[PDB]
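Worksheet for the structure shown next.
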Amino acid sequence: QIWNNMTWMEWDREXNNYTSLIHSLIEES
Amino acid sequence: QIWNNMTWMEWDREXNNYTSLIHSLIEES
Amino acid sequence: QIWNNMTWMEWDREXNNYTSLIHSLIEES
Amino acid sequence: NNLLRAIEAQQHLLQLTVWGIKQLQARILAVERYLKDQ
Amino acid sequence: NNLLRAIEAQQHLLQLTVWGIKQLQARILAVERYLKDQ
Amino acid sequence: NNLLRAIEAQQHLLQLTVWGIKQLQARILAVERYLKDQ
Numbered sequence: 621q622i623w624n625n626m627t628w629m630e631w632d633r634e635x636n637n638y639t640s641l642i643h644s645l646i647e648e649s
Numbered sequence: 621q622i623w624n625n626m627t628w629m630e631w632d633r634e635x636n637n638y639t640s641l642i643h644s645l646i647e648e649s
Numbered sequence: 621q622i623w624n625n626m627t628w629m630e631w632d633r634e635x636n637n638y639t640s641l642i643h644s645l646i647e648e649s
Numbered sequence: 602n603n604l605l606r607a608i609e610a611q612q613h614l615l616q617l618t619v620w621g622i623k624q625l626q627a628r629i630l631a632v633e634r635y636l637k638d639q
Numbered sequence: 602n603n604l605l606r607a608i609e610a611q612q613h614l615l616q617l618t619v620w621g622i623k624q625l626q627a628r629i630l631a632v633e634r635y636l637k638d639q
Numbered sequence: 602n603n604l605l606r607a608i609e610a611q612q613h614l615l616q617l618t619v620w621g622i623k624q625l626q627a628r629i630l631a632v633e634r635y636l637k638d639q
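This is how it looks when you write it as structure tokens:
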């Protein structure tokens with residue numbers, strides 16, 4: 621339950637992915 | 621204005637409580 | 621790409637500004 | 602109405618994360634200052 | 602529908618930030634404890 | 602329209618918290634590395 625460096629790089633990827641989706645949803649509206 | 625351990629455990633509780641409510645609102649929709 | 625103290629005070633200002641706008645939008649609704 | 606209620610709850614959750622980040626910034630700055638001073 | 606989908610995605614983004622803050626709180630507490638002990 | 606505007610503003614607030622957490626992760630990792638090296 622202490623995230624290592626690779627788990628933080630997955631966190632970063634997952635944050636980028638949700639942010640990209642939200643941008644598209646708000647534009648598409 | 622420096623939160624101690626007990627204030628952080630209240631923070632955790634308040635985050636859990638709002639998250640539980642939001643899950644229900646998004647489902648109920 | 622390491623934020624200094626002044627960049628953190630801009631972060632704080634920008635968070636306050638968006639929070640103030642959101643409060644008004646949710647009320648106005 | 603469920604969407605307005607969700608945005609309201611999410612704003613409270615956002616405020617909690619902003620406050621938490623402010624706390625942690627101050628804590629790591631205190632540690633960095635201690636180490637510099639030592 | 603785009604608004605509900607946006608709120609859903611934003612909730613996932615909020616959860617990730619809450620988890621991240623919890624991780625960092627534990628990491629700086631471990632450092633503060635180390636320094637106290639030293 | 603107020604709901605779309607709120608989601609837009611909240612996304613900016615979310616981005617600021619993500620950026621802040623990234624900054625703090627790097628700062629505490631730098632401290633943990635310093636302490637290991639010392």
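Residue numbers (PDB author numbering), protein chains in the order written: chain BBB, 621 to 649; chain BBB', 621 to 649; chain BBB'', 621 to 649; chain AaA, 602 to 639; chain AaA', 602 to 639; chain AaA'', 602 to 639. A prime marks a further copy of an entry chain.
Every residue gets a Cβ at the ideal spot worked out from N, C-alpha and C, and that includes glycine.
> Can you check whether the CB of residue 611 of chain AaA'' is closer than 8 Å to the CB of residue 642 of chain BBB''?
Replying inline: For the purposes of this step, residue 642 of chain BBB'' is identified with residue 22 of the third sequence, where counting begins at 1. For the purposes of this step, residue 611 of chain AaA'' is identified with residue 10 of the sixth sequence, where counting begins at 1. Yes, they are a contact pair.
> Quick one: is residue 614 of chain AaA' near chain BBB', going by C-beta distance under 8 Å?
Replying inline: Here residue 614 of chain AaA' is taken as the residue at index 13 of the fifth sequence, counted from 1. False, the Cβ-Cβ gap to chain BBB' never drops below 8 Å.
> Is residue 622 of chain AaA' helix, strand or coil when you go by DSSP?
Replying inline: Residue 622 of chain AaA' sits at position 21 when you count from the first residue of the fifth sequence. It is helical.
>> Please identify the residue among AaA:615, AaA:614 and AaA:620 whose C-alpha is closest to the C-alpha of residue 621 of chain BBB'.
In response: Position 1 of the second sequence holds residue 621 of chain BBB'. Selected option, being the one with the closest Cα: AaA:620.
> Under a three-way DSSP split, which group does residue 631 of chain BBB' fall into?
Replying inline: Walking along the second sequence from the start, residue 631 of chain BBB' turns up at place 11. Helix at residue 631 of chain BBB'.
> Under a Cβ-count criterion, where at least 16 other Cβ atoms within 10 Å of its own Cβ denotes burial, should residue 633 of chain BBB'' be classed as buried or exposed?
Replying inline: The count along the third sequence starts at 1 and reaches residue 633 of chain BBB'' at position 13. Answer is exposed; the Cβ neighbour count stays below 16.
>> Can you pull the chain AaA' neighbours of residue 639 of chain BBB', defined as C-beta to C-beta under 8 Å?
In response: Position 19 of the second sequence holds residue 639 of chain BBB'. Under the 8 Å cutoff, chain AaA' gives 612, 615, 616 and 619.
>> Please tell me whether residue 628 of chain BBB' and residue 626 of chain AaA' are closer than 8 Å, where the distance is taken between their beta carbons.
In response: Stepping through the second sequence from its first residue, residue 628 of chain BBB' is reached at position 8. Stepping through the fifth sequence from its first residue, residue 626 of chain AaA' is reached at position 25. Cβ distance < 8 Å, so residue 628 of chain BBB' and residue 626 of chain AaA' count as in contact.
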